[PDB]
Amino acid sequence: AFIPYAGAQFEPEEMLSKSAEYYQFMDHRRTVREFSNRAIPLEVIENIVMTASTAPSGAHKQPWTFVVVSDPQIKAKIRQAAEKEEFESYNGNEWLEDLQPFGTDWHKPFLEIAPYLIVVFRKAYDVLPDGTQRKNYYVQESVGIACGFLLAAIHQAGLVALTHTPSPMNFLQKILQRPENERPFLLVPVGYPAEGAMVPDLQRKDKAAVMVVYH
C-alpha cells in the first residue's frame, strides 16, 4: 500500500531564506569537550533519539540501537575503560601531529560530567524469533546518517555534544550487554556546555575545497 506525501513545501524566496538561515545556524555548531552537569529531562533526550531514528535506512531496516546512559556508575566504568585504552594509544606519529590543535589528553571527565551518554550501536543483521538471521544492507551509511540526525536534533535543542570513537569497543558491548548482531558505532556525550567553554579555533573548508558543480 501507498499514501500521499505530506511534507511542507515553500516558494523559492522562503526556500532561499530558510536554507541560508539553517546554514548560519548549523555553522554555529561546534564539538564541545567541557560540559555542565546541569540536568536535562529524559523526555528531551527521547525526542532527540527518536528524531535520529526518523533517518532513512537500507530497506527500511533501521539497523540501529540507541543506548541512553544516565546511570553514574555505568558512566564511571565507561570512562575508566575509555581512559585506559587511550593511555596506551597516546604512547604507541602521523596521528599525533594531526591531533595537536585539539589539545586532548587521554583524560575524559566529560564521560561522567555529561548528564547523558548516547551510545550508538549498528545492527549487521536482525534475529527473528526463530533464531534465524536476516541481514541488513548499507548499515554503515544508514547509522551514520541517523547519527547526523541525532546531532542536528541536539543542536536544534540548544545542547552540545562530543562525537567520540566507540573505544573500547568490546567493553562498551559488554557493560551495556548488547547482543551479537550489534556492534558499537559511536559514543556521544550530551549536555549543556560549561559556562566558560572553549573550542579550538578551527576553520572549515570553503566551497571550492568541498563542492564541485557540473552546470
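A residue's number is simply how far along the shown sequence it sits, counting from 1.
- A chain break between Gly92 and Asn93 is present, corresponding to 1 to 3 residues of the deposited sequence without coordinates.
- Stretches compared: 8 to 16, 198 to 206. Higher mean C-alpha B-factor in the entry: 8 to 16.
- Taking only CA atoms, the mean B-factor in the PDB entry is higher for 125 to 133 than for the other of 125 to 133 and 102 to 110.
- Between the residues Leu151, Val190, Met50, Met169, it is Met169 that shows the highest Cα B-factor in the PDB record.
- The entry lists C-alpha B-factors for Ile118, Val139, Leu96, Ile78, and the highest of these is at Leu96.
- Residue-level temperature factors show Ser36 in the lowest third of its chain, judged at the C-alpha atom.
- Among the modelled residues of the chain, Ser57 sits in the lowest third by CA temperature factor in this PDB entry.
- Per the deposited record, the Cα B-factor of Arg29 falls in the lowest third when ranked against the other modelled residues of its chain.
- Per-chain ranking of the deposited C-alpha B factor places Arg178 in the highest third.
- Placement of the Cα temperature factor of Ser70 within the chain: middle third of the modelled residues, per the deposited record.
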